[PDB]
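Undergrad: Below is a structure I'd like to ask you about.
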Amino acid sequence: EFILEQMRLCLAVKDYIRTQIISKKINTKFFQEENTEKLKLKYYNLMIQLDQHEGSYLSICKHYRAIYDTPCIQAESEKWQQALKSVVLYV
């Protein structure tokens, strides 16, 4: 949480390069979602904003495919519908 929090602060500063620099320290430290789903959701909801800046239209597809985590995501049709719609829209 500590190392993830300052990413939003850097976004507030509007310094994308530093955000992309600091984000690389969490890629290998996955499987933190075994008991903390909301932390994983918060993490994924930031690279979407980050990559939307310049032109990256395919990595965000990978993120939305990664929103296929614990059925605490897909058992909520009211938002699961658009969660699975946006991936096929962005492909």
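Going through the structure tokens in order, the chains are called A, B, and so on, while each chain numbers its residues from 1 and the ligands are numbered from 1 in the order shown.
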Extract, using only C-alpha atoms, all DNA, RNA and protein residues at most 9 Å from segment 50-63 of chain A, discarding same-chain residues fewer than 5 positions from it, and format them as number ranges by chain.

TA: A: 11, 16, 19-20, 44-45, 86-91

Undergrad: Run DSSP on the backbone of this structure and report the residues of chain A it assigns to helix (DSSP H, G or I), as a PyMOL selection string.

TA: chain A and resi 2-13+16-23+37-51+59-65+77-90

Undergrad: Write out the residues from the selection above, keeping C-alpha atoms, as an mmCIF file, in the first residue's frame.

TA:
```cif
data_model
loop_
_atom_site.group_PDB
_atom_site.id
_atom_site.type_symbol
_atom_site.label_atom_id
_atom_site.label_comp_id
_atom_site.auth_asym_id
_atom_site.auth_seq_id
_atom_site.Cartn_x
_atom_site.Cartn_y
_atom_site.Cartn_z
ATOM 1 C CA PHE A 2 2.821 2.383 0.838
ATOM 2 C CA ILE A 3 4.579 1.873 -2.501
ATOM 3 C CA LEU A 4 1.301 2.040 -4.424
ATOM 4 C CA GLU A 5 -0.057 5.169 -2.762
ATOM 5 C CA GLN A 6 2.416 7.680 -4.182
ATOM 6 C CA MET A 7 1.538 6.750 -7.759
ATOM 7 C CA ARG A 8 -1.668 8.771 -7.453
ATOM 8 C CA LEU A 9 0.345 11.628 -5.945
ATOM 9 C CA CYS A 10 2.688 11.566 -8.931
ATOM 10 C CA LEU A 11 -0.338 11.555 -11.235
ATOM 11 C CA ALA A 12 -1.596 14.621 -9.365
ATOM 12 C CA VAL A 13 1.811 16.191 -10.009
ATOM 13 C CA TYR A 16 3.900 10.343 -16.151
ATOM 14 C CA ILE A 17 7.542 9.348 -16.656
ATOM 15 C CA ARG A 18 8.166 9.042 -12.920
ATOM 16 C CA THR A 19 4.974 7.013 -12.532
ATOM 17 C CA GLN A 20 6.049 4.564 -15.225
ATOM 18 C CA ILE A 21 9.481 4.411 -13.599
ATOM 19 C CA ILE A 22 8.115 3.564 -10.162
ATOM 20 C CA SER A 23 5.470 1.119 -11.399
ATOM 21 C CA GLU A 37 -8.916 -8.068 -3.961
ATOM 22 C CA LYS A 38 -9.560 -4.336 -3.642
ATOM 23 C CA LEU A 39 -5.835 -3.605 -3.599
ATOM 24 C CA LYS A 40 -5.419 -5.459 -6.897
ATOM 25 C CA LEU A 41 -8.382 -3.605 -8.385
ATOM 26 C CA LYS A 42 -6.912 -0.277 -7.296
ATOM 27 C CA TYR A 43 -3.569 -1.242 -8.821
ATOM 28 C CA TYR A 44 -5.060 -2.191 -12.183
ATOM 29 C CA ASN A 45 -7.233 0.911 -12.287
ATOM 30 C CA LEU A 46 -4.080 3.072 -12.507
ATOM 31 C CA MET A 47 -2.212 1.694 -15.518
ATOM 32 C CA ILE A 48 -5.434 2.213 -17.479
ATOM 33 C CA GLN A 49 -5.198 5.932 -16.777
ATOM 34 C CA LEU A 50 -1.437 5.904 -17.339
ATOM 35 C CA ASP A 51 -1.444 4.190 -20.740
ATOM 36 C CA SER A 59 -1.952 -3.017 -22.982
ATOM 37 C CA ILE A 60 -5.210 -1.750 -21.484
ATOM 38 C CA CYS A 61 -6.795 -4.778 -23.131
ATOM 39 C CA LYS A 62 -4.386 -6.931 -21.141
ATOM 40 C CA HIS A 63 -5.401 -5.133 -17.952
ATOM 41 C CA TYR A 64 -9.115 -5.650 -18.592
ATOM 42 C CA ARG A 65 -8.417 -9.301 -19.331
ATOM 43 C CA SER A 77 -23.344 -8.397 -13.428
ATOM 44 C CA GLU A 78 -24.403 -4.760 -12.980
ATOM 45 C CA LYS A 79 -20.740 -3.866 -13.537
ATOM 46 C CA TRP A 80 -19.370 -7.211 -14.771
ATOM 47 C CA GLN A 81 -21.268 -6.569 -18.009
ATOM 48 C CA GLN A 82 -19.241 -3.463 -18.841
ATOM 49 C CA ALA A 83 -16.096 -5.038 -17.397
ATOM 50 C CA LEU A 84 -16.328 -7.727 -20.085
ATOM 51 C CA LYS A 85 -17.655 -5.272 -22.684
ATOM 52 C CA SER A 86 -14.751 -2.844 -22.537
ATOM 53 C CA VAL A 87 -12.154 -5.514 -23.324
ATOM 54 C CA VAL A 88 -13.844 -6.402 -26.614
ATOM 55 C CA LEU A 89 -14.385 -2.719 -27.330
ATOM 56 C CA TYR A 90 -10.690 -1.894 -26.844
#
```

Undergrad: Excluding same-chain residues fewer than 6 positions from residue 34 of chain A, what lies within 12 Å of it counting only C-alpha atoms, as an MDAnalysis selection string?

TA: chainID A and resid 40 69:70 72

Undergrad: Just give me the gap between atom CA of residue 1 of chain A and atom CA of residue 74 of chain A in Å, one decimal is fine.

TA: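 Pair atom CA of residue 1 of chain A / atom CA of residue 74 of chain A returns 24.4 Å.
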
Undergrad: Between atom CA of residue 68 of chain A and atom CA of residue 25 of chain A, what distance in Å does the model show, to one decimal?

TA: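 Value for the atom CA of residue 68 of chain A-atom CA of residue 25 of chain A distance: 22.4 Å.
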